[PDB]
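Protein chains in written order, with the entry's author numbering: chain F, 73 to 263; chain G, 73 to 263; chain I, 73 to 263; chain A, 73 to 263; chain B, 73 to 263; chain E, 73 to 263.
To start, the structure itself, in structure tokens.
Protein chains: 6
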Amino acid sequence: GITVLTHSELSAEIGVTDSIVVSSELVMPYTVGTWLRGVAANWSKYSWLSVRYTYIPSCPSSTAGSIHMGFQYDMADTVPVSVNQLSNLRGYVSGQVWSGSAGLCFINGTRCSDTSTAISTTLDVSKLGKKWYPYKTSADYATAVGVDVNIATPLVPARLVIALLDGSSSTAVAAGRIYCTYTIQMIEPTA
Amino acid sequence: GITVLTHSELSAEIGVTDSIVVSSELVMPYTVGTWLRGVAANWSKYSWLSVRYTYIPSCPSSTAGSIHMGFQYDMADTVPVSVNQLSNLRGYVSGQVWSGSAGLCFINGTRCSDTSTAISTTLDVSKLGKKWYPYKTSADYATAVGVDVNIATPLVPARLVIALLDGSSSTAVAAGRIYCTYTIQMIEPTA
Amino acid sequence: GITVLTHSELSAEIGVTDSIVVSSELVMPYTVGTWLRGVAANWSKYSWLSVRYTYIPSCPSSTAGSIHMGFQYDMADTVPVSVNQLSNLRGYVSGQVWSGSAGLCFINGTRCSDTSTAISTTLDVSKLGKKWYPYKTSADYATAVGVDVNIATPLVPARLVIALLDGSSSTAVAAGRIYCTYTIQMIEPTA
Amino acid sequence: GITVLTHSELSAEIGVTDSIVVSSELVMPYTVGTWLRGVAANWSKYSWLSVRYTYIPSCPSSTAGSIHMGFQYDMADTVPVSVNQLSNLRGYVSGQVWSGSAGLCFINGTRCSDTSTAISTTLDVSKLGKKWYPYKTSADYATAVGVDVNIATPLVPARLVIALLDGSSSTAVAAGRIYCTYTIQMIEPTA
Amino acid sequence: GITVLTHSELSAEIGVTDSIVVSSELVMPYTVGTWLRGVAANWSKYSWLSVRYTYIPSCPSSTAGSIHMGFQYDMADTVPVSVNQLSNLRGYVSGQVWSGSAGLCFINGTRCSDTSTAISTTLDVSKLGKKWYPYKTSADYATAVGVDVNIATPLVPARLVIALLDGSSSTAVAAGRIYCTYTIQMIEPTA
Amino acid sequence: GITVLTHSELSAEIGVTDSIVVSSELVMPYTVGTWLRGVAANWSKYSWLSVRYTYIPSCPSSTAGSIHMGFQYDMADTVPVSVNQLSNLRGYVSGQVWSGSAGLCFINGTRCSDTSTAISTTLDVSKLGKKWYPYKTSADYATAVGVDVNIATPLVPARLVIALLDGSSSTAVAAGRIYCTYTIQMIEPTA
Numbered sequence: 073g074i075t076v077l078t079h080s081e082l083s084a085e086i087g088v089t090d091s092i093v094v095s096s097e098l099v100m101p102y103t104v105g106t107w108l109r110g111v112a113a114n115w116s117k118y119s120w121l122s123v124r125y126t127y128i129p130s131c132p133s134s135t136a137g138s139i140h141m142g143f144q145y146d147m148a149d150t151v152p153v154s155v156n157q158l159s160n161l162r163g164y165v166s167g168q169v170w171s172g173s174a175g176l177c178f179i180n181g182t183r184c185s186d187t188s189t190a191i192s193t194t195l196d197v198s199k200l201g202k203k204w205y206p207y208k209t210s211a212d213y214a215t216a217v218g219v220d221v222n223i224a225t226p227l228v229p230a231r232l233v234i235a236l237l238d239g240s241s242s243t244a245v246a247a248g249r250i251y252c253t254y255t256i257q258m259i260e261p262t263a
Numbered sequence: 073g074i075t076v077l078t079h080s081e082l083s084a085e086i087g088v089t090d091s092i093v094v095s096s097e098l099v100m101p102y103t104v105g106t107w108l109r110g111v112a113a114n115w116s117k118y119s120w121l122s123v124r125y126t127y128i129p130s131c132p133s134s135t136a137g138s139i140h141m142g143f144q145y146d147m148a149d150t151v152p153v154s155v156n157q158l159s160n161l162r163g164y165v166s167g168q169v170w171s172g173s174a175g176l177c178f179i180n181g182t183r184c185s186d187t188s189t190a191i192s193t194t195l196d197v198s199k200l201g202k203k204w205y206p207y208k209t210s211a212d213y214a215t216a217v218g219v220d221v222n223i224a225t226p227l228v229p230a231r232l233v234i235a236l237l238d239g240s241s242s243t244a245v246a247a248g249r250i251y252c253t254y255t256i257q258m259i260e261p262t263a
Numbered sequence: 073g074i075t076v077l078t079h080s081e082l083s084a085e086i087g088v089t090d091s092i093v094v095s096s097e098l099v100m101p102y103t104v105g106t107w108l109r110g111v112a113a114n115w116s117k118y119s120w121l122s123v124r125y126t127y128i129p130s131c132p133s134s135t136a137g138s139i140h141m142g143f144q145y146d147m148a149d150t151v152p153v154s155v156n157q158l159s160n161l162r163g164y165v166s167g168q169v170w171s172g173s174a175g176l177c178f179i180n181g182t183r184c185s186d187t188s189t190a191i192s193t194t195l196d197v198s199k200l201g202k203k204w205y206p207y208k209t210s211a212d213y214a215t216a217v218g219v220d221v222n223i224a225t226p227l228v229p230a231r232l233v234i235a236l237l238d239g240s241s242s243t244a245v246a247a248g249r250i251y252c253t254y255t256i257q258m259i260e261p262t263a
Numbered sequence: 073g074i075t076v077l078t079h080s081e082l083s084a085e086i087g088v089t090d091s092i093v094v095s096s097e098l099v100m101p102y103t104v105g106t107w108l109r110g111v112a113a114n115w116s117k118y119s120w121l122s123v124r125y126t127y128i129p130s131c132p133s134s135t136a137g138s139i140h141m142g143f144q145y146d147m148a149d150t151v152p153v154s155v156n157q158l159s160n161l162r163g164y165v166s167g168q169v170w171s172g173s174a175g176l177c178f179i180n181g182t183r184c185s186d187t188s189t190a191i192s193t194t195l196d197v198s199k200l201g202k203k204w205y206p207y208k209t210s211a212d213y214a215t216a217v218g219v220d221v222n223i224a225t226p227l228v229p230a231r232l233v234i235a236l237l238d239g240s241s242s243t244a245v246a247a248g249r250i251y252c253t254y255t256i257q258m259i260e261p262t263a
Numbered sequence: 073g074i075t076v077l078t079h080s081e082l083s084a085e086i087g088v089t090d091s092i093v094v095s096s097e098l099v100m101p102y103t104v105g106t107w108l109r110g111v112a113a114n115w116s117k118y119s120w121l122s123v124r125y126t127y128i129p130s131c132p133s134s135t136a137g138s139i140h141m142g143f144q145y146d147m148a149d150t151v152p153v154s155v156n157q158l159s160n161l162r163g164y165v166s167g168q169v170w171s172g173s174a175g176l177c178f179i180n181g182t183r184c185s186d187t188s189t190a191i192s193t194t195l196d197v198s199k200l201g202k203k204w205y206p207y208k209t210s211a212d213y214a215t216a217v218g219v220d221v222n223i224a225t226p227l228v229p230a231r232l233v234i235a236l237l238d239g240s241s242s243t244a245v246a247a248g249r250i251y252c253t254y255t256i257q258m259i260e261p262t263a
Numbered sequence: 073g074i075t076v077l078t079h080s081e082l083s084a085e086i087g088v089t090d091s092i093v094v095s096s097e098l099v100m101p102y103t104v105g106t107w108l109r110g111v112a113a114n115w116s117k118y119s120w121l122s123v124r125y126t127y128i129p130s131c132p133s134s135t136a137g138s139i140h141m142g143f144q145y146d147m148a149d150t151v152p153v154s155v156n157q158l159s160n161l162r163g164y165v166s167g168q169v170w171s172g173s174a175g176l177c178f179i180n181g182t183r184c185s186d187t188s189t190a191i192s193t194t195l196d197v198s199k200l201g202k203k204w205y206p207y208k209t210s211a212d213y214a215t216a217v218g219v220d221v222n223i224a225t226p227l228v229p230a231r232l233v234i235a236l237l238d239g240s241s242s243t244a245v246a247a248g249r250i251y252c253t254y255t256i257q258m259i260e261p262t263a
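Dropping the structure here:
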């Protein structure tokens, strides 16, 4: 009784400044995108068959800035503070905030030809702690971390880490967007 | 007695501003392009074998702006108001208003090599309500909606939705053009 | 639970005058013939596998007049006003009101040899909007048109259009008859 | 981009009296069950691959009453008023309000052995007007009917009709429940 | 030019008392059920390929009563007066007025698994006097009998005989219903 | 060093009232049955290869009541409060409190023929959080829930949920019993 779902939605709008800014997203249906959030709530557990975050630029070629993405798979790990650290992450990618166009074929459900320049990264579903995760909210996760950070490792599969720097301005310039393209297995319906 | 027609024409000129602007085009011969409009009027019914909208830029690499396209297949659906919503659409594509050059091979009748960066989207002809649609004008559609919006679902196969934002100016800057590349079956001639 | 029915009955008596007279018949069981009307009412839906209207003359060889038949498949189409227009229709046939004898084999359930001269025309069942149509009365159709003509496109499969002109007299001379030879699938019985 | 979903939920609680009581349910995701209602709202269109309504008793063997179910596939059809009429319906089933236990394997996702006595009926998906239906609410349907009933035939695939009579009491006795077991194809996501 | 029709409708409501009550139904389209009566009137002759009467209970398990069915194939035969006699009939079946549930699959157009307990009986179409019978009314039959009973043997294929007894009450208790499930060949249309 | 054990024992006595009563059992050796509780304590960990709960009635056919069973696989899920909710559960079954006899072959170690009517449900061992669970007491579980409910998801594989209602009396009537039929792998002995 597995419902398989493949879909691709907006996950984050992205802006760039001159100082580094590190942010992060939990890789779970609640936080991935507003649509999936609503859909997957109707089931109790899920399993990621595939998760891919893809940056697509919206700015001029002349825009200063770079973007960096990587995954952490231990909720207890501290979020990185530098590109150096972040570069060691599994799935690390990096590029000009005006580059990344060739990643479009990933958010599309179309067959991908040359994606050399694509700023896209996928989750290692195979190396996840386990297979079936429960659907949990941000609130649920925050509560669990507040007791002990390790109680969370079984609730969320992973954490996407994003860093933006190298911008020309101290106030954020609109650079682009991050889209999540997932294939999810949902099971154990709930009312 | 099917007349098959494959052709590619201009469908829309495109301009970009700093506030989001959502527009939409009915995916039917009257509204697709001026040429096809005139041609297909000579038949009573048609079927799309293929429909593809392709954005081609005409602006500098330094032009701010992004463009977003997707299809809606229920005339009753409300037109989206945000990129977030629009990103959930079937056939969604997104890009810089200065990108999209590689989509040229689509509007061309030439064989396409690498189209990774192409801002192009095709209609799901297979998942259309039905096969043979009648040729209808804008007027015809407006009338039918005015009675009940659901009457229209059988008259138009789909709706193309376009969004433009992230521009640097409050008044529109010429960004590019959208071309429709269709293969249509026309039947049941009329005078 | 499909009841298949093949049958052939009188559908229209035909008279000819000197001025053109265009009339039309809905291609649906209620209006096709009095017998089928009564039969098919006992089911809720039907599908035409085959529909053929066949003119058979009853007049002298010396009778002036011609007859013209064609199908329209969009209820919204305006009924034609000239032979020129009507000639463009799908299934168009034309002949002397005293010709058409060789069409007899069609109304007969006998095997047809040479039908070169036959004034007979068949519906394109393949190109119909859809497959299963509901049984509807004239009243039902008139009501639906009165709201919006496009509501009717899903209720009737097609319209037979008949034109008679070239007659020698201002008052109608009996020319012949039109017989409908149909194969219909009836489903979903009703009380 | 089809999401296939198979599932089985409660659809109606059922009570029996001495006078006949005819009720009916639209066979569309909004009205089928509360869970599916919520889930399928997240898409724009659907197609039933399979729909099956299954009565399961909860009363004593000594309980007077019978139950009757059938499908209507034309929204314009008048709801039946007698068992006689209802018995002519496609998919008709009938039984004691205390019988129907053997239908349990249907609501279960288990393999079914002997279901001779099961009070269960399935929709003829093949003979539906068309394939892809839009997700519509009760409100949407009521509106559309209020204009012209025939507008609705394209919005809802069918109507389940239920009749209960032969009870021993003038006030309703709890007899059993009706469960819907569906396999649905959902497409064209929406926010 | 044979129209084949398969269908299943209500044929008789059934009540049980303490004294034996023998009733009977002619096995001809006029008397089989109201729906078929109307349909088949549109043809002149018919042939039964299959006829099956099926009792389905609607009463409590605690209801006293038994039901008995058999066919007579000579209109001149006198209707039986005892179970003993009736038991000799061809196609004889017997059961508790609260049994017979498993016969449901027969009235259904679904595939039948275990029907050991089913109170259902079929006509021996092979051993009928002849093949093509004329459509006749009750009036027609009554007239013909009034002249000589043997005139009727060619008009009606057979007679269903029903007996109900063993009830607990002297006034009839609602027990169940008899449904006819037929496959009929209709020929020689008529107006 | 795996000790495999297959066995079937009493798990719960069951009574029915007029108001709904929802109860639940943890699906772990301590709580499954008194015998297994004692046996499996001698090992440290286990894995369910198969778990099946089976209701067997002990009441008259005339007993009012129904019974409902389903599994929850997230200890944090709130126990259901209505049949409607419970019906959505994975493995859901429902029946008259006097039905369920045909489930006997499951508690038996005999080969099962027709189990259409059986009120029996099995655990989805495949979709369990993980494979090897530790043997834990009720006390152990209560403690762990008292800290944070999510700590428990790794200790207990699942929860059986039972609902009883539709009874004729406000004080419980003995209806039947629930038997657990398990195949367990026990490992890592302990003193």
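Using N, Cα and C, we set each Cβ at its ideal position, and we do this for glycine too.
Check: Along chain A, which residues have their Cβ under 7 Å away from the Cβ of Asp-220 of chain G?
Finding: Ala-216, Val-219 and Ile-223
Next item on the list: Using three-state DSSP, classify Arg-183 of chain A as helix, strand or coil.
Entry: coil
Note to self: Any beta carbon from chain A within less than 8 Å of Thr-255 of chain I's own beta carbon?
What the structure shows: no
Notebook entry, point to check: Apart from the five residues on each side of it in sequence, which residues of its chain come closer than 8 Å, Cβ to Cβ, to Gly-105 of chain E?
Noted result: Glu-81, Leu-82, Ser-83 and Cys-252
Note to self: Do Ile-256 of chain I and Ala-112 of chain I count as a contact pair if the criterion is CB distance below 8 Å?
What the structure shows: yes
Notebook entry, point to check: Which residue from G:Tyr-213, G:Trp-204 and G:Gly-218 puts its Cα closest to that of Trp-115 of chain G?
Noted result: G:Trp-204
Notebook entry, point to check: Applying the criterion that 16 or more other CB atoms from any shown protein chain within 10 Å of the CB defines a buried residue, is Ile-74 of chain F buried or exposed?
Noted result: exposed
Margin query: Per DSSP, what are the beta-bridge partners of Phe-143 of chain G in this structure?
Written below: G:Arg-162 and G:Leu-232
Notebook entry, point to check: If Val-153 of chain G and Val-88 of chain G are in contact, beta carbons under 8 Å, what's the gap, nearest whole angstrom?
Noted result: At roughly 17 Å, the Cβ-Cβ gap does not stay under 8 Å, so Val-153 of chain G and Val-88 of chain G are not in contact.
Check: Using a beta-carbon distance cut-off of less than 9 Å, what residues from the stretch 225-258 of chain F approach chain E?
Finding: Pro-226 and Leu-227
Next item on the list: Starting from the Cα of residue 264 of chain F, find the closest Cα among F:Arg-249, F:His-79 and F:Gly-137 and give me that residue.
Entry: In the structure as shown, chain F starts at 73 and stops at 263, and residue 264 of chain F therefore has no counterpart that could be examined.
Checklist line | Closer than 8 Å at the beta carbon, the chain G residues around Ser-134 of chain F | finding: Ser-133 and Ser-134, listed in chain order.
Next item on the list: Tell me, to the nearest whole angstrom, how far the beta carbon of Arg-162 of chain I is from that of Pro-261 of chain G; I am working on the premise that it is less than 8 Å.
Entry: 7 Å
Notebook entry, point to check: How would you write the range of the beta strand (DSSP E) that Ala-247 of chain A sits in, first residue to last?
Noted result: 245-261
Checklist line | Contact set between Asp-186 of chain E and chain A, taken where Cβ atoms lie within less than 8 Å | finding: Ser-185 and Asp-186
Item checked: Simplified DSSP assignment, three categories, for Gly-137 of chain E -> coil
Notebook entry, point to check: Do you know how far the Cα of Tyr-207 of chain I is from the Cα of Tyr-102 of chain I?
Noted result: The C-alpha of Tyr-207 of chain I is placed about 7 Å away from the C-alpha of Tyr-102 of chain I.
Check: Which residue from F:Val-221, F:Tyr-254 and F:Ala-263 puts its Cα closest to that of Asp-149 of chain F?
Finding: F:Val-221
Note to self: Within 8 Å of any Cβ in chain G, is that where the Cβ of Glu-81 of chain F sits?
What the structure shows: yes
Notebook entry, point to check: Which residues bound the alpha helix (DSSP H) around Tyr-102 of chain I?
Noted result: 101-104
Check: Given that a residue counts as buried once 16 or more other Cβ atoms are within 10 Å of its Cβ, and exposed if not, what is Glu-85 of chain G?
Finding: exposed
Note to self: With DSSP as the reference, identify every bridge partner of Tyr-118 of chain F, one or two as the case may be.
What the structure shows: F:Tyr-205 and F:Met-258
Checklist line | C-beta contact flag for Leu-232 of chain B and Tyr-125 of chain B at 8 Å | finding: yes
Notebook entry, point to check: From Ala-211 of chain E to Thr-225 of chain E, what distance separates their C-alpha atoms?
Noted result: Taking the straight line joining both Cα atoms gives about 15 Å.
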